[PDB]
Amino acid sequence: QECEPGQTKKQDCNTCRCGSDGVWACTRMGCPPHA
Amino acid sequence: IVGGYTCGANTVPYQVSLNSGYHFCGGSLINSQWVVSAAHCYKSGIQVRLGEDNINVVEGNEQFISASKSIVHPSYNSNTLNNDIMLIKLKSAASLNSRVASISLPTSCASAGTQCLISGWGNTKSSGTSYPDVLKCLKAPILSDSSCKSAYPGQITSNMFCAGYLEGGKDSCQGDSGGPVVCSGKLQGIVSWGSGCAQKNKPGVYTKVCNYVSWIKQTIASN
Ligand SMILES: [Ca+2]
């Protein structure tokens, strides 16, 4: 598993949730440019 | 959009870009003064950009109009992404022409196996990142509820559907959120979320617009 079910994280500005399959799923927005 | 094609300028005349100093989400023009997008695309101060092809060059099809109201569904839940829909009222009506045109709302929900058109300016790679200058398009079918639920156990509500390809390779992706899924000439979906992009057994998940036709009409009428 790449994640523990129920955890959360951000990838850049998108929010992600860890499903019961142990896989992240994230929203699909664009984000501010990096420094 | 991963595995897509160049739409061609203004061939998707209802596609808008939401801009917060930079492009961050898509949306769909549903009448001259209202846009449908994803609730997770909410920000105050959005500028809506209509008539775009090359999102980084001023080409002459464009109208930039500030949002006057950006209305997240009251039952949007950021924890589950249920009810991931937002209405944006434009501060003034867009001028409608061949390049800037509305898309109709559905009269019934879409069926598994119908081909749809998904579009946006999001990432075109499943590994790493490449953002296109021009609007990209993808033909993708509605997937069965059972295959959607199997791919995303415990996460698919009645307000979501999956579209794409279980074999992977073709999907929406980061930067496409809020944009359209059009099937049978109607706005059936809103780009919402997924596990990665274009991965096997992880199709895109989309807000099911047909569940919100009354809500949309009522929200427009009262605002
Ligand atoms: Ca442009």
# chains A, B, ... in the order shown; residues from 1 in each chain; ligands from 1
call {"tool": "interface_residues", "arguments": {"of": "chain A", "to": "chain B", "cutoff": "9 Å", "atoms": "only C-alpha atoms", "output": "list in words"}}
result
residues 14, 15, 16, 17, 19, 20, 21, 23, 24, 25, 26, 27, 28, 29, 30, 31, 32 and 33 of chain A
call {"tool": "write_last_selection", "arguments": {"atoms": "N, CA and C atoms", "output": "PDB file, in the first residue's frame"}}
result
ATOM      1  N   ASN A  14      -3.469  20.170  -4.528  1.00  0.00           N
ATOM      2  CA  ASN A  14      -4.614  19.259  -4.514  1.00  0.00           C
ATOM      3  C   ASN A  14      -4.638  18.421  -3.257  1.00  0.00           C
ATOM      4  N   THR A  15      -5.827  18.262  -2.757  1.00  0.00           N
ATOM      5  CA  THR A  15      -6.059  17.346  -1.645  1.00  0.00           C
ATOM      6  C   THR A  15      -6.227  15.924  -2.149  1.00  0.00           C
ATOM      7  N   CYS A  16      -5.737  14.991  -1.336  1.00  0.00           N
ATOM      8  CA  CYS A  16      -5.714  13.573  -1.628  1.00  0.00           C
ATOM      9  C   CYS A  16      -6.263  12.813  -0.394  1.00  0.00           C
ATOM     10  N   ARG A  17      -6.893  11.690  -0.651  1.00  0.00           N
ATOM     11  CA  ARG A  17      -7.397  10.786   0.368  1.00  0.00           C
ATOM     12  C   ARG A  17      -6.949   9.364   0.025  1.00  0.00           C
ATOM     13  N   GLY A  19      -7.596   5.603  -0.191  1.00  0.00           N
ATOM     14  CA  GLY A  19      -8.737   4.735  -0.125  1.00  0.00           C
ATOM     15  C   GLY A  19      -8.435   3.456   0.666  1.00  0.00           C
ATOM     16  N   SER A  20      -9.462   2.639   0.830  1.00  0.00           N
ATOM     17  CA  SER A  20      -9.341   1.359   1.541  1.00  0.00           C
ATOM     18  C   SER A  20      -8.504   0.351   0.773  1.00  0.00           C
ATOM     19  N   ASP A  21      -8.251   0.606  -0.509  1.00  0.00           N
ATOM     20  CA  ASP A  21      -7.361  -0.152  -1.340  1.00  0.00           C
ATOM     21  C   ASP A  21      -5.915   0.265  -1.077  1.00  0.00           C
ATOM     22  N   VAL A  23      -4.562   3.137  -1.909  1.00  0.00           N
ATOM     23  CA  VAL A  23      -4.141   3.940  -3.058  1.00  0.00           C
ATOM     24  C   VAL A  23      -4.627   5.398  -2.845  1.00  0.00           C
ATOM     25  N   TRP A  24      -3.763   6.350  -3.157  1.00  0.00           N
ATOM     26  CA  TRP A  24      -4.150   7.747  -3.079  1.00  0.00           C
ATOM     27  C   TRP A  24      -5.098   8.087  -4.234  1.00  0.00           C
ATOM     28  N   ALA A  25      -5.991   8.992  -3.968  1.00  0.00           N
ATOM     29  CA  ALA A  25      -6.783   9.654  -5.012  1.00  0.00           C
ATOM     30  C   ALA A  25      -6.796  11.144  -4.692  1.00  0.00           C
ATOM     31  N   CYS A  26      -6.660  11.961  -5.684  1.00  0.00           N
ATOM     32  CA  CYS A  26      -6.509  13.415  -5.542  1.00  0.00           C
ATOM     33  C   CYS A  26      -7.470  14.139  -6.500  1.00  0.00           C
ATOM     34  N   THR A  27      -7.788  15.363  -6.114  1.00  0.00           N
ATOM     35  CA  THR A  27      -8.469  16.266  -7.003  1.00  0.00           C
ATOM     36  C   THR A  27      -7.547  16.691  -8.118  1.00  0.00           C
ATOM     37  N   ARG A  28      -8.131  17.326  -9.161  1.00  0.00           N
ATOM     38  CA  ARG A  28      -7.498  17.567 -10.416  1.00  0.00           C
ATOM     39  C   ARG A  28      -7.344  19.067 -10.796  1.00  0.00           C
ATOM     40  N   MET A  29      -7.096  19.931  -9.809  1.00  0.00           N
ATOM     41  CA  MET A  29      -6.854  21.342 -10.117  1.00  0.00           C
ATOM     42  C   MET A  29      -5.434  21.643 -10.491  1.00  0.00           C
ATOM     43  N   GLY A  30      -5.271  22.780 -11.150  1.00  0.00           N
ATOM     44  CA  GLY A  30      -3.936  23.420 -11.313  1.00  0.00           C
ATOM     45  C   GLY A  30      -3.567  24.237 -10.152  1.00  0.00           C
ATOM     46  N   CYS A  31      -2.257  24.515 -10.007  1.00  0.00           N
ATOM     47  CA  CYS A  31      -1.706  25.103  -8.813  1.00  0.00           C
ATOM     48  C   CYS A  31      -0.800  26.293  -9.119  1.00  0.00           C
ATOM     49  N   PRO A  32      -0.522  27.124  -8.125  1.00  0.00           N
ATOM     50  CA  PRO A  32       0.380  28.264  -8.398  1.00  0.00           C
ATOM     51  C   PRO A  32       1.704  27.801  -8.903  1.00  0.00           C
ATOM     52  N   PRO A  33       2.351  28.592  -9.763  1.00  0.00           N
ATOM     53  CA  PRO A  33       3.700  28.260 -10.142  1.00  0.00           C
ATOM     54  C   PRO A  33       4.662  28.081  -8.971  1.00  0.00           C
TER      55      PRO A  33
END
call {"tool": "residues_near_ligand", "arguments": {"ligand": "ligand 1", "cutoff": "6 Å", "atoms": "only C-alpha atoms and all ligand atoms", "output": "tab-separated table (two decimals) with N, CA, C and O atoms, in the first residue's frame"}}
result
chain	number	residue	atom	x	y	z
B	52	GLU	N	-11.25	30.87	-25.15
B	52	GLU	CA	-9.84	30.53	-25.19
B	52	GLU	C	-9.52	29.30	-26.07
B	52	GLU	O	-10.26	28.33	-26.08
B	53	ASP	N	-8.36	29.38	-26.74
B	53	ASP	CA	-7.71	28.19	-27.32
B	53	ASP	C	-6.33	28.07	-26.73
B	53	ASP	O	-6.08	27.26	-25.85
B	54	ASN	N	-5.40	28.91	-27.18
B	54	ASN	CA	-4.12	29.02	-26.57
B	54	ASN	C	-4.28	29.83	-25.28
B	54	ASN	O	-4.56	31.02	-25.33
B	55	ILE	N	-4.07	29.19	-24.16
B	55	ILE	CA	-4.40	29.79	-22.87
B	55	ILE	C	-3.27	30.81	-22.51
B	55	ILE	O	-3.45	31.54	-21.51
B	56	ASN	N	-2.17	30.82	-23.26
B	56	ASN	CA	-1.09	31.74	-22.94
B	56	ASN	C	-0.84	32.80	-23.99
B	56	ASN	O	0.13	33.58	-23.87
B	57	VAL	N	-1.59	32.85	-25.03
B	57	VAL	CA	-1.48	33.88	-26.08
B	57	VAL	C	-2.84	34.54	-26.23
B	57	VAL	O	-3.87	33.86	-26.31
B	58	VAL	N	-2.89	35.88	-26.29
B	58	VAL	CA	-4.13	36.59	-26.66
B	58	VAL	C	-4.30	36.50	-28.15
B	58	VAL	O	-3.56	37.10	-28.92
B	59	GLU	N	-5.33	35.74	-28.54
B	59	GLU	CA	-5.60	35.47	-29.93
B	59	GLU	C	-6.76	36.25	-30.57
B	59	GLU	O	-6.81	36.34	-31.82
call {"tool": "residues_around", "arguments": {"residues": "region 157-162 of chain B", "least_positions_apart": "4", "cutoff": "8 Å", "atoms": "only C-alpha atoms", "output": "JSON, numbers by chain"}}
result
{"B": [82, 83, 142, 143, 144, 145, 148, 203, 204, 205, 206, 207, 208, 209, 211]}
call {"tool": "atom_distance", "arguments": {"atom1": "CA of residue 16 (chain B)", "atom2": "CA of residue 84 (chain B)"}}
result
17.4 Å
call {"tool": "atom_distance", "arguments": {"atom1": "CA of residue 89 (chain B)", "atom2": "CA of residue 11 (chain B)"}}
result
23.2 Å
call {"tool": "closest_residue", "arguments": {"among": "B:39, B:100, B:135, B:30", "to": "residue 86 (chain B)", "atoms": "only C-alpha atoms"}}
result
B:39
call {"tool": "atom_distance", "arguments": {"atom1": "CA of residue 91 (chain B)", "atom2": "CA of residue 45 (chain B)"}}
result
11.2 Å
